[PDB]
Amino acid sequence: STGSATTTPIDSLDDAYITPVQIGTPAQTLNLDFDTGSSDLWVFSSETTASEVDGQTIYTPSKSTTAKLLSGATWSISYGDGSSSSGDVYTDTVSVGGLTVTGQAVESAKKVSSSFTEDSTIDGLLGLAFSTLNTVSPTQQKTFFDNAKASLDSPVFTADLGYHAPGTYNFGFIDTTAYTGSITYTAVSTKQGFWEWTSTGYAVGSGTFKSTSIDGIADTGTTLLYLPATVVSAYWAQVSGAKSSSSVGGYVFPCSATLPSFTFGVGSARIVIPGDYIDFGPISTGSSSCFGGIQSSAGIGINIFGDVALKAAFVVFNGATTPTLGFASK
Numbered sequence: 001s002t003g004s005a006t007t008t009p010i011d012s013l014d015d016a017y018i019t020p021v022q023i024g025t026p027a028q029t030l031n032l033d034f035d036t037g038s039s040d041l042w043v044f045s046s047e048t049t050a051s052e053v054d055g056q057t058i059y060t061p062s063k064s065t066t067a068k069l070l071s072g073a074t075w076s077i078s079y080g081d082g083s084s085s086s087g088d089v090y091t092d093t094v095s096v097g098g099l100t101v102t103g104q105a106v107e108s109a110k111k112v113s114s115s116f117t118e119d120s121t122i123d124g125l126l127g128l129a130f131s132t133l134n135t136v137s138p139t140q141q142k143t144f145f146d147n148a149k150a151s152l153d154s155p156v157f158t159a160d161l162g163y164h165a166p167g168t169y170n171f172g173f174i175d176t177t178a179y180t181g182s183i184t185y186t187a188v189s190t191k192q193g194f195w196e197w198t199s200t201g202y203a204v205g206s207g208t209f210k211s212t213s214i215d216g217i218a219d220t221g222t223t224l225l226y227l228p229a230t231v232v233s234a235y236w237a238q239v240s241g242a243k244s245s246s247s248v249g250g251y252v253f254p255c256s257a258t259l260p261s262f263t264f265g266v267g268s269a270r271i272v273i274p275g276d277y278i279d280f281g282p283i284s285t286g287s288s289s290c291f292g293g294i295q296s297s298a299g300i301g302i303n304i305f306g307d308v309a310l311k312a313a314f315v316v317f318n319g320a321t322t323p324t325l326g327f328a329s330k
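Heads up: the sequence shown begins at 1 in the authors' numbering, then just goes up one per residue.
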């Protein structure tokens, strides 16, 4: 089997991407944030505190003939950005782009933090990291991808995120028409539950490439590119007037600037992030100070290849017995 779904930016800055997901019988379609940095499939639901719902589409398990309460199971998750959610658990039929899993754990939110409430366009998350991070207790549950894996033509999914435009998540096959040149594969460590890999270095604009190992995670659920402070300083030093602002919470730059590209290494290959991808616009409406898309990972504890980086590539998440990551230009 295979699946193929379109993923769409939630706003004009590509802050996140939503992908339609069918849950239950008859289908209830929710728009979920596919997140390769976590491993819970959770949804706004009929059980969510009413004051914490503001425009989201909710899953109503009582209206699904295939929904079954997973007796005794609860979940609770906190994310890197400080947001959180929790609730109880159903199993139900879940389909993504024609690919169907029966008995998928669907985690029903009773509580969500304000950040989720305020984002009316995101109805939940669909985790695509390794199932070892799944927070369901007392019986840990598998991700959609883990459940689908044995049925897939090939045990892979791919992320093809668009810049200010729709893109694609595919399951079970590699679309050889979706990228240019070759795919370069690189080793993955699952020791922390993430798609963790080591970049071979970087360049700023037309500058020389610096060979240096950068350990980080491929995370579709993080907006920006978070790298070591040395790297990030070298980038923003090439932008006149750029500075790190503690009051704003990162690097800002004059909105009149033209940003340089940023290149990262995948083995001997190179992925080029165009400068425009690094512009996240005015810090506040009407401001002439703009927020940078490359930020320091210092104090996160890990480097994160988020959407800013991933959308410059066709990315293969290979879930074979020995997982790997592949990157191609497109």
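Note that CB positions come from ideal geometry on N, CA and C, so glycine has one too.
Could you give the C-beta distance for residue i and residue j, rounded to a whole number, given that I count them as a contact under 8 Å?
| i | j | result |
| --- | --- | --- |
| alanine 105 | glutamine 141 | 4 Å |
| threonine 6 | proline 166 | 5 Å |
| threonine 324 | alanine 187 | 6 Å |
| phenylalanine 145 | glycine 319 | 6 Å |
| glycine 292 | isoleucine 278 | 6 Å |
| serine 206 | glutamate 196 | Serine 206 to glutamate 196, Cβ: 30 Å. No contact. |
What would DSSP say about residue i, mapped onto helix, strand or coil?
| i | result |
| --- | --- |
| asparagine 303 | strand |
| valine 308 | helix |
| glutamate 52 | helix |
| residue 382 | Residue 382 is absent from the model: the chain starts at 1 and stops at 330. |
| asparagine 318 | strand |
| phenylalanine 253 | strand |
| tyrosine 179 | coil |
| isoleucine 278 | helix |
| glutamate 47 | coil |
| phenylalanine 145 | helix |
Leaving out five residues on either side along the sequence, give the residues of the same chain with a beta carbon under 6 Å from the beta carbon of residue i.
| i | result |
| --- | --- |
| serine 39 | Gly127, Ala129, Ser131, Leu133, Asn134, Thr143 |
| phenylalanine 194 | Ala129, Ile217 |
| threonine 198 | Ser213, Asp215 |
| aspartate 219 | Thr36, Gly37, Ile304, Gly306 |
If I measure Cβ to Cβ from residue i and keep anything under 7 Å in the same chain, skipping five residues before and after, which residues do I get?
| i | result |
| --- | --- |
| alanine 16 | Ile10, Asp33, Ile122, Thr223 |
| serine 85 | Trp42, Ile77, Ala109, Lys111, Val112, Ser113, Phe116 |
| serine 120 | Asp54, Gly55, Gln56 |
What residue range does the alpha helix (DSSP H) around residue i cover?
| i | result |
| --- | --- |
| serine 233 | 229 to 236 |
| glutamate 107 | No alpha helix (DSSP H) holds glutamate 107; the beta strand (DSSP E) holding it covers 99 to 112. |
For residue i, which residues in the same chain have their Cβ closer than 8 Å to its Cβ, ignoring the five residues on either side in sequence?
| i | result |
| --- | --- |
| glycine 241 | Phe253, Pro254, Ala257 |
| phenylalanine 209 | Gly201, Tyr202, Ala203, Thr263, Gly265, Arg270 |
| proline 138 | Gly72, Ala73 |
| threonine 29 | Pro20, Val21, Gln22, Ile23, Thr57 |
In the DSSP assignment, the beta strand (DSSP E) including residue i goes from what residue to what residue?
| i | result |
| --- | --- |
| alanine 269 | 269 to 273 |
| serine 289 | 289 to 292 |
| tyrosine 185 | 184 to 187 |
| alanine 5 | 3 to 9 |
| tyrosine 202 | 196 to 204 |
| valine 266 | 262 to 266 |
* Asked: Touch check for the segment 63 to 80 and the segment 89 to 107: three-plus C-beta pairs under 8 Å?
  -> yes
* Asked: Between the segment 311 to 320 and the segment 273 to 280, do at least 3 Cβ pairs fall closer than 8 Å?
  -> yes
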